[PDB]
Number of protein chains: 2
Amino acid sequence: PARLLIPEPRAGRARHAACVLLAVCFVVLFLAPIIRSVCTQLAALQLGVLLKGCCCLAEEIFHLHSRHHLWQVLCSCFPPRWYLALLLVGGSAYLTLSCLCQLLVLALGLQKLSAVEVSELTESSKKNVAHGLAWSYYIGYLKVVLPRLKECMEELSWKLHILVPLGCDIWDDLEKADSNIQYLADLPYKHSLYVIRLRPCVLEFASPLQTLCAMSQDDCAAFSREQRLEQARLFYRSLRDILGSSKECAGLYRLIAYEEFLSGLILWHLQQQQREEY
Amino acid sequence: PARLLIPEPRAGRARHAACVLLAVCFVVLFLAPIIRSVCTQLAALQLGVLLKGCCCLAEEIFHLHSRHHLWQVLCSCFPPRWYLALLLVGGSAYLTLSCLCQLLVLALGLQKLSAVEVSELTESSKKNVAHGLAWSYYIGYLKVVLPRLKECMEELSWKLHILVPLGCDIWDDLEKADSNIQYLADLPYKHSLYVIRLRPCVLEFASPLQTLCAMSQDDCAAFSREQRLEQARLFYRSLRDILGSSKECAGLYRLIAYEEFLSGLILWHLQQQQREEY
């Protein structure tokens, strides 16, 4: 037949190989004050973690109220091995040239990550659902529906509106959630023309958030609600970045993102589109 | 209304902040042989890249014929700044304790990546389409179709077969690509009972590979065919890992993966399932 050739997960034998190499070099060099030199060199390498944490703090200043709400900044900047660095610094002291060396290392950009590390981080994390969901929602639905919609609009004689809720409940129907929404008609693939008490609109939810609604409440695999929020924000970011560079879909859509009535937001978007027409 | 609070891409100001800190410490310490000490310390830090490359080679031994086909191993193990390390080693020499120190660093596992670096690698790469595609194909299609299929099979009086082609062409119809396939009937969401010259089967393609067929030939955004192959392999891996832990779908399916007649593979899978029934 044809035998399948798929890659497998990493067994993790580089760590044991480094351990064996360490034991061999340790026995060869073994065959009393040198451990002081070893520990001082070790603190000299570990001080770069502290300088990297300072630089990470300097970048993560701007996103306190938007991404970290103060403890979440300091918890996320340096790695959680916090008790190692200052302890080894105190063991070495009781130099500044080493700090200058670490700055020269980190500023130039010679710590390129290798291909195996990048591939390991790709195959490791399963929490990258947003990019695949955005590309599936763009290709499978939007690129076919969107060019025909202006033709359907001329046959009925605006642009499509996509709801992006960053919450959880999607099954709230638009006539059921919002009171002022009244259904009008279809366009021959559901397309529900609505009127809000008093403007007409073409409104639809974004489907794959229900996917994110199903990865949480079913709980056959592990997932959390803060992860749902982060993935929904990343999905909106990816769909915005794709459709901003959309070739044929330049003026057929307008994304509407919100969190938690509801119809006044739609009125503000319609008023902003009307003013943008002027 | 409600102002949106979405994160933005990183401006990249930590590098300039490290540069300013370097210039300040450089001016303060400035106010002739010390640069030899600096360069020797720099080679002492850069030797860990060489040891890390040796460990990466030791792990990437096992995947030559399966992932790298010999130059692709050595190109992928160490970072592409190869001319830096040996040159600085030669500039420092013309010690082994530093090698022992680097081994003690890399074996214990104190180089934890921070949260900001992990988030930067998540938001950076757009080539993680496989996990989102697999979860969309599992939730949106399989979890609803698969429990009703045995009821439809009893109403017609086996299990569903999913084709996973790792090639490119999906539009080859099963009566058109394979000659021995004959259509029989449906099951009231297309479900085409087939007979291969001479066994019956329930066969269907996997849909979202056409998504990967559309991200390549349209070419509105950049994508390559080797990336199509790697993403298809990752998609098959993710779908296999999900459906192996599928709760209700434990005996309703069998994935079939291949590359490039075609019907003999289906005969071998049916014969293996028949022998597994015995």
# chains A, B, ... in the order shown; residues from 1 in each chain; ligands from 1
>>> select_by_dssp(residues="stretch 47-258 of chain A", states="strand (DSSP E or B)", output="PDB file with C-alpha atoms, in the first residue's frame")
ATOM      1  CA  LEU A 160     -23.426  43.484   5.602  1.00  0.00           C
ATOM      2  CA  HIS A 161     -23.113  43.824   9.379  1.00  0.00           C
ATOM      3  CA  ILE A 162     -21.260  41.168  11.363  1.00  0.00           C
ATOM      4  CA  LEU A 163     -21.885  40.967  15.091  1.00  0.00           C
ATOM      5  CA  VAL A 164     -18.790  40.154  17.115  1.00  0.00           C
ATOM      6  CA  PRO A 165     -19.864  39.472  20.718  1.00  0.00           C
ATOM      7  CA  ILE A 181     -35.467  44.748  15.860  1.00  0.00           C
ATOM      8  CA  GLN A 182     -38.221  43.713  13.448  1.00  0.00           C
ATOM      9  CA  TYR A 183     -37.685  41.117  10.733  1.00  0.00           C
ATOM     10  CA  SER A 192     -32.400  38.623   7.620  1.00  0.00           C
ATOM     11  CA  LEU A 193     -33.177  42.236   6.756  1.00  0.00           C
ATOM     12  CA  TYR A 194     -34.023  44.032   9.988  1.00  0.00           C
ATOM     13  CA  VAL A 195     -35.473  47.382  11.023  1.00  0.00           C
ATOM     14  CA  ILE A 196     -34.662  48.953  14.395  1.00  0.00           C
ATOM     15  CA  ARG A 199     -33.648  52.335  10.335  1.00  0.00           C
ATOM     16  CA  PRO A 200     -33.116  49.326   8.047  1.00  0.00           C
ATOM     17  CA  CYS A 201     -30.089  47.061   8.284  1.00  0.00           C
ATOM     18  CA  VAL A 202     -28.568  43.768   7.122  1.00  0.00           C
ATOM     19  CA  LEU A 203     -27.453  41.930  10.237  1.00  0.00           C
ATOM     20  CA  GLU A 204     -25.840  38.576  10.975  1.00  0.00           C
ATOM     21  CA  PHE A 205     -23.899  36.964  13.784  1.00  0.00           C
ATOM     22  CA  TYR A 253     -18.872  45.017   5.386  1.00  0.00           C
ATOM     23  CA  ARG A 254     -18.367  46.666   8.750  1.00  0.00           C
ATOM     24  CA  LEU A 255     -17.342  44.742  11.848  1.00  0.00           C
ATOM     25  CA  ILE A 256     -19.096  45.565  15.112  1.00  0.00           C
ATOM     26  CA  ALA A 257     -17.457  44.370  18.324  1.00  0.00           C
ATOM     27  CA  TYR A 258     -18.854  44.788  21.813  1.00  0.00           C
TER      28      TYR A 258
END
>>> closest_atom_pairs(of="chain B", to="chain A", cutoff="6 Å", atoms="only C-alpha atoms", output="Markdown table")
| residue | atom | partner | partner_atom | distance |
| --- | --- | --- | --- | --- |
| B:1 | CA | A:265 | CA | 6.0 |
| B:14 | CA | A:55 | CA | 5.4 |
| B:15 | CA | A:107 | CA | 5.6 |
| B:18 | CA | A:107 | CA | 5.6 |
| B:19 | CA | A:107 | CA | 5.6 |
| B:22 | CA | A:103 | CA | 5.7 |
| B:55 | CA | A:14 | CA | 5.1 |
| B:59 | CA | A:14 | CA | 5.2 |
| B:76 | CA | A:115 | CA | 5.1 |
| B:78 | CA | A:114 | CA | 5.8 |
| B:79 | CA | A:114 | CA | 4.6 |
| B:103 | CA | A:22 | CA | 5.8 |
| B:107 | CA | A:15 | CA | 5.6 |
| B:112 | CA | A:79 | CA | 6.0 |
| B:114 | CA | A:79 | CA | 4.7 |
| B:115 | CA | A:76 | CA | 5.1 |
| B:129 | CA | A:132 | CA | 4.0 |
| B:131 | CA | A:129 | CA | 5.9 |
| B:132 | CA | A:132 | CA | 4.0 |
| B:133 | CA | A:132 | CA | 5.3 |
>>> write_last_selection(atoms="C-alpha atoms", output="mmCIF file, in the first residue's frame")
data_model
loop_
_atom_site.group_PDB
_atom_site.id
_atom_site.type_symbol
_atom_site.label_atom_id
_atom_site.label_comp_id
_atom_site.auth_asym_id
_atom_site.auth_seq_id
_atom_site.Cartn_x
_atom_site.Cartn_y
_atom_site.Cartn_z
ATOM 1 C CA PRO B 1 -21.779 53.859 23.418
ATOM 2 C CA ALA B 14 12.210 47.348 24.635
ATOM 3 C CA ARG B 15 15.166 47.111 22.249
ATOM 4 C CA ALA B 18 17.986 48.441 26.351
ATOM 5 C CA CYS B 19 20.089 50.478 23.905
ATOM 6 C CA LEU B 22 23.616 50.429 27.471
ATOM 7 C CA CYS B 55 21.682 18.785 22.128
ATOM 8 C CA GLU B 59 17.203 15.008 19.655
ATOM 9 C CA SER B 76 17.519 23.646 11.630
ATOM 10 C CA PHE B 78 21.501 25.722 15.595
ATOM 11 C CA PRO B 79 20.363 29.302 14.921
ATOM 12 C CA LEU B 103 25.651 22.311 30.856
ATOM 13 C CA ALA B 107 20.219 20.535 32.044
ATOM 14 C CA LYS B 112 11.755 29.403 31.411
ATOM 15 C CA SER B 114 8.261 34.490 30.084
ATOM 16 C CA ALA B 115 4.593 35.188 29.464
ATOM 17 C CA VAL B 129 -4.204 27.143 10.970
ATOM 18 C CA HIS B 131 -5.574 23.465 15.287
ATOM 19 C CA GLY B 132 -8.399 25.884 14.565
ATOM 20 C CA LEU B 133 -9.373 23.947 11.453
#
>>> select_by_dssp(residues="stretch 56-178 of chain A", states="helix (DSSP H, G or I)", output="number ranges by chain")
A: 56-68, 71-77, 85-93, 96-108, 115-124, 129-156, 174-177
>>> atom_distance(atom1="atom CA of residue B:143", atom2="atom CA of residue A:225")
21.5 Å
>>> atom_distance(atom1="atom CA of residue B:189", atom2="atom CA of residue B:166")
23.8 Å
>>> atom_distance(atom1="atom CA of residue A:190", atom2="atom CA of residue A:145")
10.4 Å
>>> decode(residues="stretch 120-261 of chain A", atoms="C-alpha atoms", output="compact mmCIF listing (two decimals), in the first residue's frame")
# COMPACT_ATOMS: atom_id res chain seq x y z
CA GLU A 120 8.29 22.83 19.42
CA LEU A 121 6.32 25.90 20.48
CA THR A 122 4.02 25.49 17.47
CA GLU A 123 3.31 21.79 18.10
CA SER A 124 3.10 22.32 21.87
CA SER A 125 0.34 24.90 22.33
CA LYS A 126 -3.20 23.96 21.34
CA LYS A 127 -4.48 27.44 22.25
CA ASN A 128 -4.16 29.03 18.82
CA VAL A 129 -7.69 28.40 17.65
CA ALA A 130 -8.33 32.00 16.60
CA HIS A 131 -6.24 32.15 13.42
CA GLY A 132 -7.67 28.93 12.01
CA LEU A 133 -11.19 29.99 12.92
CA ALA A 134 -10.73 33.38 11.25
CA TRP A 135 -9.36 31.89 8.05
CA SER A 136 -12.13 29.28 7.97
CA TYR A 137 -14.76 31.98 8.46
CA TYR A 138 -13.18 34.14 5.78
CA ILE A 139 -12.69 31.57 3.05
CA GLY A 140 -15.61 29.20 3.57
CA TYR A 141 -18.28 31.86 4.04
CA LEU A 142 -17.37 35.46 3.33
CA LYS A 143 -15.54 35.29 -0.02
CA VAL A 144 -18.58 33.70 -1.68
CA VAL A 145 -21.42 35.49 0.13
CA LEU A 146 -20.04 39.04 0.05
CA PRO A 147 -19.70 39.67 -3.75
CA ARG A 148 -23.26 38.52 -4.48
CA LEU A 149 -24.79 40.63 -1.72
CA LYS A 150 -24.77 43.94 -3.59
CA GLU A 151 -26.41 42.16 -6.52
CA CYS A 152 -29.07 40.78 -4.17
CA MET A 153 -29.51 44.29 -2.75
CA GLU A 154 -30.05 45.72 -6.23
CA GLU A 155 -32.44 42.84 -6.97
CA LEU A 156 -34.45 43.68 -3.85
CA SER A 157 -34.84 47.25 -5.13
CA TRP A 158 -26.06 49.12 2.11
CA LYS A 159 -23.55 46.58 3.42
CA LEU A 160 -23.43 43.48 5.60
CA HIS A 161 -23.11 43.82 9.38
CA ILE A 162 -21.26 41.17 11.36
CA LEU A 163 -21.88 40.97 15.09
CA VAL A 164 -18.79 40.15 17.12
CA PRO A 165 -19.86 39.47 20.72
CA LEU A 166 -16.90 38.94 23.01
CA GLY A 167 -19.19 37.41 25.63
CA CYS A 168 -20.55 33.88 25.61
CA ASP A 169 -24.23 33.73 24.66
CA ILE A 170 -24.81 33.66 20.91
CA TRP A 171 -28.25 31.97 20.82
CA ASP A 172 -29.93 35.28 21.72
CA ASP A 173 -31.95 35.92 18.57
CA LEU A 174 -31.95 39.49 17.33
CA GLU A 175 -35.72 39.79 17.54
CA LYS A 176 -35.52 38.08 20.95
CA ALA A 177 -32.54 39.87 22.51
CA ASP A 178 -33.20 43.36 21.18
CA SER A 179 -36.78 44.58 21.26
CA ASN A 180 -36.66 47.22 18.51
CA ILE A 181 -35.47 44.75 15.86
CA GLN A 182 -38.22 43.71 13.45
CA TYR A 183 -37.69 41.12 10.73
CA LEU A 184 -38.43 42.11 7.15
CA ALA A 185 -37.43 39.62 4.43
CA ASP A 186 -34.72 37.39 2.93
CA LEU A 187 -32.51 37.50 -0.17
CA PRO A 188 -32.19 34.39 -2.41
CA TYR A 189 -27.65 31.23 3.28
CA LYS A 190 -29.94 33.12 5.63
CA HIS A 191 -29.93 36.91 5.32
CA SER A 192 -32.40 38.62 7.62
CA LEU A 193 -33.18 42.24 6.76
CA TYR A 194 -34.02 44.03 9.99
CA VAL A 195 -35.47 47.38 11.02
CA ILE A 196 -34.66 48.95 14.39
CA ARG A 197 -37.05 51.43 16.01
CA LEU A 198 -36.39 53.34 12.77
CA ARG A 199 -33.65 52.33 10.34
CA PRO A 200 -33.12 49.33 8.05
CA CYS A 201 -30.09 47.06 8.28
CA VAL A 202 -28.57 43.77 7.12
CA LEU A 203 -27.45 41.93 10.24
CA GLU A 204 -25.84 38.58 10.98
CA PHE A 205 -23.90 36.96 13.78
CA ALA A 206 -20.41 35.60 13.33
CA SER A 207 -20.80 31.83 13.40
CA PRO A 208 -17.56 30.32 14.81
CA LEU A 209 -17.88 31.97 18.23
CA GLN A 210 -20.45 29.23 18.83
CA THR A 211 -17.45 26.96 18.31
CA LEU A 212 -15.87 28.84 21.20
CA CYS A 213 -19.21 28.47 22.96
CA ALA A 214 -18.96 24.71 22.47
CA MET A 215 -15.34 24.24 23.54
CA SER A 216 -16.29 25.58 26.99
CA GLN A 217 -19.68 24.20 28.08
CA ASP A 218 -19.17 20.68 26.71
CA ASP A 219 -15.85 20.27 28.59
CA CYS A 220 -14.61 17.08 26.99
CA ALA A 221 -11.23 18.82 26.76
CA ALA A 222 -9.93 21.47 29.14
CA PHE A 223 -10.72 25.13 28.41
CA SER A 224 -11.45 28.22 30.52
CA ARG A 225 -13.49 31.38 30.19
CA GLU A 226 -10.55 33.77 30.32
CA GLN A 227 -9.15 31.71 27.47
CA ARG A 228 -12.48 32.15 25.67
CA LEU A 229 -12.15 35.92 26.05
CA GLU A 230 -8.53 36.01 24.91
CA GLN A 231 -9.28 33.78 21.92
CA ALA A 232 -12.29 35.91 20.96
CA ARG A 233 -10.18 39.07 21.10
CA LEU A 234 -7.52 37.39 18.96
CA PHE A 235 -10.20 36.21 16.52
CA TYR A 236 -11.57 39.73 16.13
CA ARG A 237 -8.02 41.03 15.64
CA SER A 238 -7.28 38.42 12.97
CA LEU A 239 -10.55 38.99 11.11
CA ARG A 240 -9.98 42.75 11.20
CA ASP A 241 -6.43 42.39 9.87
CA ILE A 242 -7.56 40.05 7.10
CA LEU A 243 -10.54 42.09 5.96
CA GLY A 244 -8.57 45.33 6.07
CA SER A 245 -6.42 43.82 3.32
CA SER A 246 -9.40 42.17 1.63
CA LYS A 247 -9.21 42.86 -2.09
CA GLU A 248 -12.81 42.55 -3.27
CA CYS A 249 -14.41 43.01 0.15
CA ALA A 250 -13.24 46.60 0.67
CA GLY A 251 -16.66 48.22 1.02
CA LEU A 252 -19.16 45.43 1.62
CA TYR A 253 -18.87 45.02 5.39
CA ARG A 254 -18.37 46.67 8.75
CA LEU A 255 -17.34 44.74 11.85
CA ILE A 256 -19.10 45.56 15.11
CA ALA A 257 -17.46 44.37 18.32
CA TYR A 258 -18.85 44.79 21.81
CA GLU A 259 -19.05 43.31 25.30
CA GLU A 260 -21.40 43.31 28.26
CA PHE A 261 -29.43 47.56 25.57
